[PDB]
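The structure under discussion appears below in the form of structure tokens.
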Amino acid sequence: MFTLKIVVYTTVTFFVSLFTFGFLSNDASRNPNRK
Amino acid sequence: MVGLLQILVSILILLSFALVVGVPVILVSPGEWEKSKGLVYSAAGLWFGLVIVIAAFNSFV
Amino acid sequence: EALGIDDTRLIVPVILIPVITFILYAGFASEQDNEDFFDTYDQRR
Amino acid sequence: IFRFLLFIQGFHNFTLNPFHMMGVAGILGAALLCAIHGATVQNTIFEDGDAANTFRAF
Amino acid sequence: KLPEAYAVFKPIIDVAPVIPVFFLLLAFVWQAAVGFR
Amino acid sequence: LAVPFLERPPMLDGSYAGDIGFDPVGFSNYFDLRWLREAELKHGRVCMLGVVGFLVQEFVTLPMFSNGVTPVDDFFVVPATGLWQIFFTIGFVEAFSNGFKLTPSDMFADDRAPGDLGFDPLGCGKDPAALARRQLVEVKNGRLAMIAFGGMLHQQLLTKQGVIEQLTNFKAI
Amino acid sequence: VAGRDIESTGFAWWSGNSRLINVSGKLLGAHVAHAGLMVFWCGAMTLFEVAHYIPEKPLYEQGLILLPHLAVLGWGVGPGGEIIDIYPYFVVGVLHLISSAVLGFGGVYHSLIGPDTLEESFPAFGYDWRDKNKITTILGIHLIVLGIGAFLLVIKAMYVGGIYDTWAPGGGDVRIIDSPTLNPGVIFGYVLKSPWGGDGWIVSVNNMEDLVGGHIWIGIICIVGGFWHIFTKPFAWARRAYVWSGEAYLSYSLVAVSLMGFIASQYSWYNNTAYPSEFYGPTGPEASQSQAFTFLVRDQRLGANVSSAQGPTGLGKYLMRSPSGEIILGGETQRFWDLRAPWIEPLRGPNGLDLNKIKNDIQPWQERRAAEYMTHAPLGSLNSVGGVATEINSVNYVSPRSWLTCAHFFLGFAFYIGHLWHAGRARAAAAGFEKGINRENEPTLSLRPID
Amino acid sequence: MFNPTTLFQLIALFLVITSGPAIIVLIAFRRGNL
Amino acid sequence: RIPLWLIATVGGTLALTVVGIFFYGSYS
Ligand code: CLA
Ligand code: CLA
Ligand code: KC2
Ligand SMILES: CC1=C(C#C/C(C)=C/C=C/C(C)=C/C=C/C=C(C)/C=C/C=C(\C)C#CC2=C(C)C[C@@H](O)CC2(C)C)C(C)(C)C[C@H](O)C1
Ligand SMILES: CC1=CCCC(C)(C)[C@H]1/C=C/C(C)=C/C=C/C(C)=C/C=C/C=C(C)/C=C/C=C(C)/C=C/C1=C(C)CCCC1(C)C
Ligand SMILES: CC1=CCCC(C)(C)[C@H]1/C=C/C(C)=C/C=C/C(C)=C/C=C/C=C(C)/C=C/C=C(C)/C=C/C1=C(C)CCCC1(C)C
Ligand SMILES: CC1=CCCC(C)(C)[C@H]1/C=C/C(C)=C/C=C/C(C)=C/C=C/C=C(C)/C=C/C=C(C)/C=C/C1=C(C)CCCC1(C)C
Ligand SMILES: CC1=CCCC(C)(C)[C@H]1/C=C/C(C)=C/C=C/C(C)=C/C=C/C=C(C)/C=C/C=C(C)/C=C/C1=C(C)CCCC1(C)C
Ligand SMILES: [Fe+2]
């Protein structure tokens, strides 16, 4: 049960990290009125 | 001293009604702010003095 | 139990994966301009 | 009317009736369509005026 | 219960809480007085 | 020069009373010297009356209140109401005497003398040379009295004794 | 008059407060007048609850929610949660009423004749929303104000009279908290604890030492961060991340205060330390466990072996076994086995409820507390009828915990809705399509068809 | 019917409910910036 | 003759008074 727990923790951390550092990547600029 | 406290609180309430009604009335009206802000501040000082007097007399002595 | 962690091996991915994602994001951010602007948002990417 | 609802449920089990299921689907899908069409139209309007409130630009 | 020196002012204290609702209605009345410009 | 191994501070020309070029940490720079002078005079006057108050409260007690063990504890035995009367009276005095200007920005708008609240009821400050001598006396007495007050308050707090009582009953801690 | 109509601002009368976004002085007036409104409600409702206070009934039987807040802080409360004096409540109400008068005058003055834009008359107070440095300065000032407030709570709890500790031996008393928990491990293990059952995140603070110590921590953190924001400007990652406009800041505040509303609703529903049951009344779990515990006592005293009484399904009728293996109260209250109450913790061993301590070590005040809490359960109606929904109109009781929890859950959800609205509109107004799609350059028409 | 507590309730309620509209009417009579 | 905002205010106060008397009769 520990292996499943660490796999789930890794997956959740991976996707939350993608979310967090994607919204930090100048998300407001990604609009059709830029430039 | 009860009765005297009631009179002071009633005077404070009437003065508060007068302020709440009239201050915006003589405040928004054309002129009358630079003309009567001295009167406004005098009424506010009287209100604060009444508050202080009631604070002192709440102690019944 | 902080963050529901009862075994210390669980901390390795939780700390490690954000580090790698931050490395990629830091490459992206070092590619940027990184000077102050006066606007509601930065149009430079 | 609430008594009628509970009476029909108790003596008839009308929730289990598939025609009532289709009726519930129709009502909830009609509410869904009303909300989604209102939101979609209000959020895909053309900029037909300079005012921030866009109701007068029609 | 209020202290007996201020127990006669109970009705004003009863009215007092609902006054912010009257402030909201006052904002609406003020907008009605200017014709909702 | 008060500090011989350091330079004279650039903003201390010697116009104010008691200026001997003593500002190693440099508060004269990066601040308003008039603001600092009025603050120094205000602290000096407050502690100057406070030392006399600490002396008086040992032997003289007003009939309305009950005396505590120390003048420091005289602050606690008086009721909370009445204390705020003093607070508000001091607020009113500091509002009216300063002309209702209470910030480092709007104060000294007319460029009045720092510490000059226009309070000379007896008219002692008329001769300008005597005025300067009394300025020096007042500033030096305030500089002494602030240190004295800071000493005596802590002595009364630590030993639970009056200052004259402590001087007549000196003992180790 | 320009600036107060739709022809000059583009906003209608029902969206007229958005005319104050770029008008800083009038915006300050609106904020100060609203603060006056909040303090006015505080004072008026405090005096209302003083005037309606019956000395015989407890606070939670009279529908009072502000007097318990002052009862937590140790004003006019004797041992055991007895309300001995309501004069300090009156003092708080009157002080708030006068302060609300002052704040209302300030709000009116700054709304009506005080300058509309402060950026030319008083540059130290004027600002632009896009100027990150000044906005961070204001944020730091307010952070330091909040830290001062937290340290005011700390000073009240540690030096000025103390606060009501419901976990004090004997039944709860106003206690000076002399040794707060300053260990960062405990304080920040509260923050990193799971919010689910049996852990409760920060709702499960069960002693005043942790509360006071973490308030010291919050004050220190807030003051340090306030000076940090007074002396710094946002970093480049923060400058890329956020939208720098007044509506965006409003949306951030809306989501923060919505989360706070949810957290406070759960505080009111579950916590009995910062919300003692002598004042706010028992919680749902507390009421159910009180009923089960009183039946357990009445059957152990009046000849009924509770530990061997098999239930209708073979489980424990009075005492059963927890999913973690502890001795808990049986019945339908087995879901509420995580309850900690001052009237039951002396009777609780490391294996759960100790039968020997149950039959031997009962203090009578615990009997009184459990007999009182079992009847006024948090179950009520909108027309204030006590009991379950199938009860007759003779009991007039709805728990203050229910009122606080429902009101603040409602407001938390509503302010999440407000956050979503204002964040969307802030993004659309920053990008520049909040008024609709441009007909000349439609973004969709310039894209490739998707299928 | 006639209770002094109820009478004062109604008087205070009348004053509160007519203070604000009095402000608006008086500002409109002085032709202020309403 | 009379401005309509005063009429609307009086009507709203009377409607709320009707609501209040109905609620009072519900509570009594
Ligand atoms: C918390 C509530 C609140 C507050 C503080 C404000 C505040 C403000 N609104 Mg506003 N508003 C509100 C709710 C509120 N609003 C609501 C609910 C609506 C929708 C109906 C509106 C719709 C609205 C519009 C459409 C406009 C404003 C505008 C304004 C600003 C100028 C108002 C003005 O010119 O006054 C004029 C009003 C009067 C002269 C009459 C009222 C007099 C006083 C204020 C009544 C209260 C006095 C009080 C009882 C006595 C206190 C005195 C003290 C000594 C005790 C001001 C900052 C205007 C703006 O943006 O300006 C740029 C504007 O155009 N508001
Ligand atoms: C600190 C809180 C706060 C502040 C400062 C603002 C400020 C503002 N909002 Mg806002 N808002 C908030 C919270 C807040 N909001 C919340 C919590 C919600 C969700 C309900 C909204 C939803 C909202 C909408 C939908 C809109 C605004 C708009 C505005 C702007 C004009 C407001 C105006 O003139 O009102 C005038 C006030 C009135 C006309 C009074 C109305 C009284 C209502 C109808 C009472 C009924 C409320 C109802 C029960 C709640 C519904 C349930 C809920 C779960 C949704 C202004 C910048 C408007 C705008 O143009 O944005 C720029 C706009 O369209 N807001
Ligand atoms: C800064 C100096 C100062 C000023 C300018 C000032 C002005 C006024 C005025 C206005 C002309 C009145 C009418 C007035 C009246 C009362 N004063 Mg003041 N007073 C000052 C100082 C103190 C102190 C130190 C105390 C005190 C008190 C009382 C009490 C007792 C109430 C009671 O016995 O409970 C009453 C009736 C005592 C107190 O309030 O608590 C017991 C107390 O300790 N006062 N006082
Ligand atoms: C008049 C005048 C001037 C002047 C002047 C003068 C008079 C200047 C005088 C300055 C003086 C005398 C300063 C004395 C400071 C004493 C201190 C700091 C004692 C601290 C004790 C501590 C912290 C302690 C403690 C302890 C406690 C309680 C706890 C215990 O567990 C431990 C311990 C026992 C250690 C100048 C020259 C400027 C010129 C000017 O124009 C006018
Ligand atoms: C620079 C200099 C010149 C030449 C001599 C020398 C070489 C020694 C050199 C050194 C000078 C030195 C060491 C100066 C020291 C100055 C010091 C330590 C001043 C400190 C003063 C402390 C003060 C007021 C404390 C005031 C406290 C007050 C009111 C109130 C107390 C309380 C009361 C009763 C009311 C409730 C609140 C509280 C706190 C309980
Ligand atoms: C001393 C005493 C002993 C016991 C008896 C008693 C309880 C009576 C007690 C008496 C206490 C007294 C007299 C307290 C005085 C209280 C006062 C004056 C409270 C009033 C404060 C005023 C306030 C908030 C007003 C703020 C203004 C606002 C929002 C305006 C907002 C708005 C503006 C700016 C534009 C239009 C739209 C709208 C919404 C109207
Ligand atoms: C211990 C305890 C017992 C009872 C009382 C007491 C106060 C003492 C209590 C608590 C004490 C303490 C120390 C409490 C501390 C609470 C803390 C640290 C709360 C902080 C929460 C932080 C939050 C939401 C962060 C929100 C920001 C987010 C998501 C992300 C923003 C952005 C970035 C950075 C990534 C991409 C997306 C976006 C939006 C651009
Ligand atoms: C309590 C307190 C302590 C003692 C002394 C003191 C005088 C300070 C006293 C007073 C305190 C205060 C701050 C009192 C303030 C009272 C206020 C703000 C009264 C204003 C009330 C507003 C009212 C009625 C308006 C009602 C409007 C109605 C229906 C109808 C409005 C409508 C129209 C006309 C237009 C369309 C929209 C709608 C809603 C249909
Ligand atoms: Fe359509």
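Side-chain atoms are counted along with the backbone in the values below, which use heavy atoms only and exclude waters and symmetry mates. Labels below follow one simple rule: chain letters A, B, ... track the order of the sequence lines, proteins then strands, and each chain is numbered from 1.
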Are [X] and [Y], when compared by the centres of their aromatic rings, separated by less than 6.0 Å?
{"X": "G/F40", "Y": "E/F23", "value": "no"}
{"X": "E/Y6", "Y": "G/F90", "value": "yes"}
{"X": "G/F262", "Y": "G/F409", "value": "yes"}

Self-check item: Short side-chain donor-acceptor distance under 3.5 Å, G/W343 and G/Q289
Solution: no

Exercise. Would you check if there is a donor-acceptor pair between the side chains of G/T181 and G/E209 at a distance under 3.5 Å?
Key: no

Practice problem: Before giving the answer on side chain to side chain contact (heavy atoms under 4.5 Å, CB included), spell out for G/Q62 and G/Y53 the whole-Å C-alpha distance, their side-chain angles and the decisive distance to 0.1 Å. | Solution: CA-CA 7 Å; G/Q62 310 174 53; G/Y53 171 69; 3.5 Å; yes

Is there side-chain contact between [X] and [Y], with at least one heavy-atom pair below 4.5 Å?
{"X": "G/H376", "Y": "G/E61", "answer": "yes"}
{"X": "F/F75", "Y": "F/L83", "answer": "yes"}
{"X": "B/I52", "Y": "F/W84", "answer": "no"}
{"X": "G/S204", "Y": "G/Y190", "answer": "yes"}
{"X": "G/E49", "Y": "G/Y89", "answer": "no"}
{"X": "G/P346", "Y": "G/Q363", "answer": "no"}
{"X": "G/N207", "Y": "G/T273", "answer": "no"}

Taking all heavy atoms of [X] and all of [Y], pick out the closest pair and write down the distance.
{"X": "G/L404", "Y": "G/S268", "answer": "CB-OG, 3.3 Å"}
{"X": "E/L2", "Y": "G/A51", "answer": "CG-CB, 3.7 Å"}
{"X": "B/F60", "Y": "E/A5", "answer": "CE2-CB, 3.8 Å"}

Quiz prompt | Any donor-acceptor N/O pair, G/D165 side chain to G/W167 backbone, under 3.5 Å | solution = yes

Quiz item: Who are the side chain to side chain donor-acceptor pair (under 3.5 Å) partners of B/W47, not counting sequence neighbours?
Solution: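 For B/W47, the residues satisfying side chain to side chain donor-acceptor pair (under 3.5 Å) (neighbours in sequence not counted) are B/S16.
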
Exercise. For the pair G/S381 and G/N383, evaluate side chain to side chain donor-acceptor pair (under 3.5 Å) and give the outcome as yes or no after the intermediate values.
Key: CA-CA 5 Å; G/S381 63; G/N383 61 335; 2.5 Å; yes

Would you tabulate the side-chain donor-acceptor contacts of residues 64-73 of chain F under 3.5 Å, counting partners in other chains and residues two or more places apart, or write 'none'?
| from | atom 1 | to | atom 2 | distance (Å) |
| --- | --- | --- | --- | --- |
| F/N67 | ND2 | F/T61 | OG1 | 3.4 |
| F/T70 | OG1 | F/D73 | N | 3.2 |

Practice problem: Count the heavy atoms belonging to other residues, nucleotides or ligands that lie under 6.0 Å from CG of G/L382, then report whether that count exceeds 12. | Solution: no

Apply salt bridge (charged side-chain N to carboxylate O under 4.0 Å, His left out) to [X] and list each qualifying residue two or more places apart in sequence or on a separate chain.
{"X": "G/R348", "answer": "G/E345"}
{"X": "G/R369", "answer": "G/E278"}
{"X": "E/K10", "answer": "E/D14"}
{"X": "F/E94", "answer": "F/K42"}

Quiz item: How many angstroms lie between CZ in H/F14 and OG in H/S19, if you round to the nearest 0.5 Å?
Solution: 10.0 Å

Quiz prompt | Worked check of side chain to side chain contact (heavy atoms under 4.5 Å, CB included) between E/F9 and B/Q6 | solution = CA-CA 8 Å; E/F9 306 105; B/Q6 297 177 335; 4.1 Å; yes

Quiz item: For G/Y280, which of G/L59, G/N271, G/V72 qualifies under side-chain contact (heavy atoms from CB on, under 4.5 Å)?
Solution: G/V72

